[PDB]
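Peer 1: What follows is a single structure, and I will ask about it in a moment.
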Amino acid sequence: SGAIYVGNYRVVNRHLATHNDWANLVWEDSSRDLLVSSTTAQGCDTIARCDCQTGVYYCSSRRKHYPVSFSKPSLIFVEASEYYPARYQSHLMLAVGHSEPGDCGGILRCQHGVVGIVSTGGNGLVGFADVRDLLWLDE
Ligand SMILES: CSc1ccc(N2CCCC2=O)cc1NC(=O)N1CCC[C@H](C(N)=O)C1
Ligand SMILES: [Zn+2]
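With the numbering used here as the guide, the letters of the sequence shown map in order to residues -2 to 136.
What follows is the structure, encoded as structure tokens:
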């Protein structure tokens, strides 16, 4: 679990969005596993606007933060799950690191701000949905 709170927006994994997220929907994209909903309170987070490929992510299954080197956002094949059929997920960044399904929503940050959230994983892999291209989150 986990979300980004920026301005009057809440960014979550689309597969974990709540009834309230869908009732306050701003934008969603199944191909990215992202959903953004509106909030009444002002958020606590800053979004990075950069090309960093190193950062730190929070891993809830270890209660710890880990440093990572990650690939640039790209189209990556993701096997079928209870949430989605087998498909290519876009704007995904992979890295070597521990993750389990419940880790989705953990934030990845670089020195500039929030880069993205945990969205996929594998045997010693962790994948993050990028949010740096969503310029409208800042306005
Ligand atoms: C952090 S998610 C994760 C982490 C570890 C694993 N494991 C750990 C060992 C074997 C294995 O595959 C499996 C996942 N699940 C996973 O990637 N998905 C399920 C939720 C929806 C995701 C999507 N964006 O399509 C895909
Ligand atoms: Zn950065």
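Ideal placement from N, C-alpha and C gives every residue a C-beta, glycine not left out.
1. Identify the residues that DSSP records as bridge partners of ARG106: which are they?
2. Would you give the residue range spanned by the beta strand (DSSP E) that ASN10 belongs to?
3. Taking DSSP as the reference, what is the three-state secondary structure of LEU131?
4. Mind checking who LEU22 pairs with in its DSSP beta bridge?
5. Report yes if the C-beta of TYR54 is less than 7 angstroms from at least one heavy atom of ligand 1; otherwise report no.
6. Measure the CB-CB distance between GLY124 and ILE114 and report whether it falls below 8 angstroms.
Peer 2: Considering the structure as presented:
1. One-based indexing of the sequence shown puts residue 106 at position 109. DSSP lists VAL53 and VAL111 as partners of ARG106.
2. By one-based count along the sequence shown, residue 10 stands at place 13. Start and end: 6 to 10.
3. The residue labelled residue 131 in the question sits at position 134 within the sequence shown. Three-state result, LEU131: coil.
4. Residue 22 sits at position 25 when you count from the first residue of the sequence shown. According to DSSP, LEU22 bridges with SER34.
5. As a working mapping, residue 54 is identified with position 57 in the sequence shown. Result no, Cβ not under 7 angstroms from ligand 1.
6. As a first step, residue 124 must be located in the sequence shown, where it is residue number 127. As a first step, residue 114 must be located in the sequence shown, where it is residue number 117. It is not a contact, given that the beta carbons lie outside the stated cut-off.
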